[PDB]
Every structure is written in C-alpha cells, then in structure tokens.
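Okay, so here's just one chain, in structure tokens, the form deposited in one PDB entry.
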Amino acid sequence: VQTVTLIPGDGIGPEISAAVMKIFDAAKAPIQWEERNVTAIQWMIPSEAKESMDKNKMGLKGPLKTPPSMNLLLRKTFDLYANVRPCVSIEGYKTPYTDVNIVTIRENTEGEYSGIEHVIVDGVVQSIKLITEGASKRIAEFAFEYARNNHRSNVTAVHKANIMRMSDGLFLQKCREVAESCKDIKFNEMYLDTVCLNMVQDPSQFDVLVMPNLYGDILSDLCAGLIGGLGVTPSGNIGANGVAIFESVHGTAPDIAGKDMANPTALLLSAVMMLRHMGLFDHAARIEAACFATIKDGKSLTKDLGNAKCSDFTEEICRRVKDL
C-alpha cells in the first residue's frame, strides 16, 4: 500500500475526487490518500502540502480557480519540467477523429513562462523570452525515456526553426543528440504548421510529439480537441526528485459546483496515468477498461457527453471494475 497527495481543488473538484476515490476503493488498488489543500500564502505553497508531496512523491489534482497562479507555484516548487498529455479516441465518445493515439511532451519551465513584456514606445510592445540548452536537453532525454518506457515507436520534434533559427534550432540540436543515443526510437522533425495541417487530416500518422514552450501549449489543446475536449483529457507533470503530479486540465465548473451533474473521466484517466507511472499496471488497465466499457454502453453517460447523474456513472464503473 502507498500514499498519494490528493488536491480536490474548487468547484466540481471535490465531487469528482470522491468519485475517483470510490472507484480506486472498489478496485482494491494499493493506494490510500492524504488529502491536502493548496493556497498561495506569504509567496509560496502551504507547509503541509509541500511536505505531503515531498514524502508521497506523487500527487493527483482537480481543477483550481485562478486568484500568482497555483499551477505556477506547483511548477516552480517541484521543478515540474515536463508536461505530458496522452490523447486517445474514446470508443463510446463520438468525434470525427477516431484513429487518435498521440502523446504530447511539452517543456514546462521556460519559453513563454520566462515571459517579460514592456512598452518600448507609445504603441509598441516588446516581449522577451528564453530558451536554454539545459532545459532543451532535459525535455529531449525525457521524451525518449517516456517513449521507451511506454512502448512508443516514433518521436517527432515539433518546431519553427525556419523562422526561430537560434532558439528552435537549439531545441532541435539537443533532440538530435538524444536521438543519436536512443537509435531504437524512430525520430523525425516537422514544422509546427505542417504538424497542424496534417494533424486535422490524419492524426494517426503521429505518435509522440516533443516540443518547447516558446509558443505555449496550443498543440496540446488541439490534440485534446480531436478526442472530445479537456473534459476527457488526462494530463501529468514530471518534476525533479522523482516528483510527479497528475491532474485534470478542465475548468472548475462553478455553475454546477454543488449539483450531481459532473463528469470525472479526465481526473480518473490522469489517476490511471499515475498508477502506470508508479508501476501499478494491472489496476491501471482494469480501471481504464472499466471506464471505457462504461462509456461505450451509451445508456449511462453524464449530461455533457445523456441525462444520468455523476454517481450513477461512477457506480456503473465500480460495478464493472469488480469483474476482475
């Protein structure tokens, strides 16, 4: 048995955390929780939440409200340097893209996060942004490590080095050095705009996408858009000292933050991702498959995907989980 720092967050976050916990309970998963709270206090994160995460080394996180952002603090505190978003078409959930199985791996310390804007003269704004050899090397090595450890054949570096020669070219040169080492993984490179162009025509051609943060997270949202949105998209951040936080990337949902209408799929799958990161592959697969089969049925869905409430959807998963 092992311990996981749980951050339910605001809005629907509690409802969906209780729904995830109940499912992990009904799975006999080697996982007990250590619920904590997160809050900017004078500027850093609470002593109890920091120490919890330092001990447990693994976190799960629901949707937070913006006030310094808490996501900024978490990323700063634990040096969360690699954002990972796996996007896979859901059998029961109908989008026009069904062949989708892509993992985006995104540098998470610099680029736009280093961003300074200022007024040069009246009506002229300059932005300043940074790209480092270190952080580029770091995210590159990670991406291949991820691909090897998750049985992924191809890694594509996504860039605009044709325009940003110095900064995306650096990124590219560090990806090649890593690709020289890890000759077992198929490596290619593609312009961001070409990636985008091809993505929406035939997304099946793409496997793992490594990219810097210079232009932000735009491609991850696009990929998520193909499979049905942020309401069903899992996500995880990997830091230094073996820290890893898994999270939902959907909104706080204030409008139904008291009701039973919520949908915990995304947070559930991030937890599934967490189990796999620990090595608990058996339970991961069973909770995963339970969720997908429940979605495939069509008679038990939330109001955002039928008419059934959250607990009905949560309970119908739990019923299927128990089938060992």
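Residue numbers here begin at 1 and follow the sequence given. Take the two forms, find the largest set of C-alpha atoms that superpose within 1.5 Å, and that set is the rigid core.
- Residue 63, modelled here, also has coordinates in every other compared entry of this protein that models residues flanking it, well short of the third needed to call it frequently missing.
- The modelled chain is continuous from residue 21 to residue 22, with every intervening residue of the deposited sequence accounted for.
- Unmodelled stretch separating residue 42 from residue 43: 4 to 9 residues (count of deposited-sequence residues without coordinates).
- Stretches 69-77 and 100-108 differ in mean CA B factor, with 69-77 having the higher one.
- Per the PDB record, of the two stretches 117-125 and 78-86, 78-86 carries the greater mean B-factor over its C-alpha atoms.
- Take 29, 266, 58, 272 and read off each C-alpha B-factor from the entry; 29 has the highest.
- For residue 225, the recorded CA temperature factor ranks within the lowest third of the chain's modelled residues.
- The entry lists a Cα temperature factor for residue 178 that places it in the middle third of the chain's modelled residues.
- Looking at the C-alpha B-factors along this chain, the one for residue 212 belongs to the lowest third.
- Sort the modelled residues of the chain by CA B factor and residue 91 lands in the highest third.
- Per the deposited record, the Cα B-factor of residue 252 falls in the highest third when ranked against the other modelled residues of its chain.
Although it is not shown, the form deposited in another entry is what the next lines describe.
- Once both forms are fitted on their core, a CA shift of 2 Å or more is seen for residue 123 between this form and the one not shown.
- For residue 55, a C-alpha deviation below 2 angstroms is recorded between this form and the one not shown after rigid-core alignment.
- In the core-superposed comparison between this form and the one not shown, the C-alpha atom of residue 293 has shifted by less than 2 angstroms.
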